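**Student:** sequence below, structure please.
(chains A and B, ligands or ions: 2)
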Amino acid sequence: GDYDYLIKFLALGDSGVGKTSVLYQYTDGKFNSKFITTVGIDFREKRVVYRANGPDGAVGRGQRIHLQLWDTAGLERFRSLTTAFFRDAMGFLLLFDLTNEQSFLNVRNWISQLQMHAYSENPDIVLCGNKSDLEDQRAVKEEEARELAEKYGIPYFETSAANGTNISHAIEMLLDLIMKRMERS
Amino acid sequence: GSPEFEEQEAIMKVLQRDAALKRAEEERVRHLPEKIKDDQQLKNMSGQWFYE
Ligand SMILES: Nc1nc2c(ncn2[C@@H]2O[C@H](COP(=O)(O)OP(=O)(O)NP(=O)(O)O)[C@@H](O)[C@H]2O)c(=O)[nH]1
Ligand SMILES: [Mg+2]
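**Tutor:** Numbering: from 1, shown residues only, chains lettered A, B, ... in the order given. Ligands and ions are numbered 1, 2, ... in the order given. This is the structure:
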């Protein structure tokens, strides 16, 4: 129990977009190429130190955060289970697959579900366009995704769970948003 | 077991792990008054702020 705050996030998006891979890359720095679809729900954890104003020196300033990162299944057979878990999450990592246009077109529907079921009508969400390493299979234009993200006022990162690009960025952003919300309130 | 049953078994194991984390967290929060007695910091650290 050597930490200061338990912060809970949830990853959501269509089946196959990379929710499990993104989280595993973040917490363990590892990646599995074989598709092992999530059985309803799972979570991962990571201990980090939040420093809002950058590095400290001799006097420790950081807030020790225990992250619980909920990992939801995308298949509709688990939709009621996964929706049940939206209300207890402090922030959301919403994913689509850069190689799958339909997963991107479904982003609006996922946002609508969060607005209904989350703790707030306007919860903190970071949008992740995943599988950026697969440029030859790319089907979603960066500008289109940015436009969408802009309309909702949400940050957009293009990520790769394969090599880790922008994963820590996206999650640290989400952490910053909720810690500032805590400061606000 | 059937796939139906195996699926519930797997999810139950996740829920059990979550329960253990929740109990650990609750025990941490219980001990906070030993070190921090400013109730606003307690509200923040305990996660009570998230429920207002
Ligand atoms: N090249 C590449 N492959 C990725 C990336 N992210 C995930 N994958 C691959 O895509 C497949 C699906 O990943 P997974 O994380 O299981 O997706 P999911 O969103 O958790 N699926 P579900 O909701 O069904 O559990 C796997 O074969 C995985 O290796 C990525 O950034 N790059
Ligand atoms: Mg998964």
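**Student:** so residue A:115 sits in a helix?
**Tutor:** Yes - under DSSP: H, G, I helix; E, B strand; the rest coil, residue A:115 falls within a helix.
**Student:** what's the separation between the nearest residue to it once chain neighbours are set aside and residue A:94?
**Tutor:** Counting by CB to CB, 6 or more residues apart in numbering or on different chains, residue A:115 lies nearest to residue A:121, which is 5.3 Å off, once chain neighbours are set aside. Bear in mind the C-beta positions are built from the backbone N, C-alpha and C, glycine included. In this view, residue A:121 and residue A:94 are 16 Å apart by CB to CB, to the nearest Å.
**Student:** the two: which is more packed in?
**Tutor:** Per other CB atoms under 10 Å in any protein chain shown, whichever of residue A:121 and residue A:94 has more neighbours is residue A:94, with 21 against 8.
**Student:** is residue A:33 in a helix, a strand, or coil?
**Tutor:** Once three-state DSSP is applied, residue A:33 turns out coil.
**Student:** that one - how many residues pack around it?
**Tutor:** Residues lying near residue A:33 (other CB under 10 Å) number 6.
**Student:** residues in contact with residue 26?
**Tutor:** Since you didn't name a chain, this refers to chain A. For residue A:26, the contacting residues are A:44, A:46, A:69, A:164, A:167, A:168, A:171, by CB atoms under 8 Å, 6 or more residues apart in numbering or on different chains.
**Student:** not quite, I wanted chain B
**Tutor:** So residue B:26 contacts nothing (CB under 8 Å, 6+ apart).
**Student:** do you know how far the residue nearest to residue A:111 when sequence neighbours are not counted is from ligand 2?
**Tutor:** Closest residue to residue A:111 apart from its sequence neighbours, by CB to CB, 6+ apart: residue A:152 at 6.3 Å. Taking CB to the ion, to the nearest Å as the measure, residue A:152 falls 24 Å from ligand 2.
**Student:** how far away is residue A:152 from residue A:125?
**Tutor:** Counting by CB to CB, the gap from residue A:152 to residue A:125 is 7 Å.
**Student:** who has more neighbours out of these two?
**Tutor:** Legend: neighbour count by other CB under 10 Å for residue A:152 and residue A:125, higher for residue A:125 (24 against 15).
**Student:** need the phi and psi values for that one.
**Tutor:** Per-residue torsions, residue A:125: phi -130, psi 130 (degrees, to the nearest 10).
**Student:** check residue A:24 too.
**Tutor:** phi -70, psi -40.
**Student:** tally of neighbours for it?
**Tutor:** 20.
**Student:** could you do residue A:70 as well?
**Tutor:** Quick note: residue A:70 (other CB under 10 Å) scores 24 neighbours.
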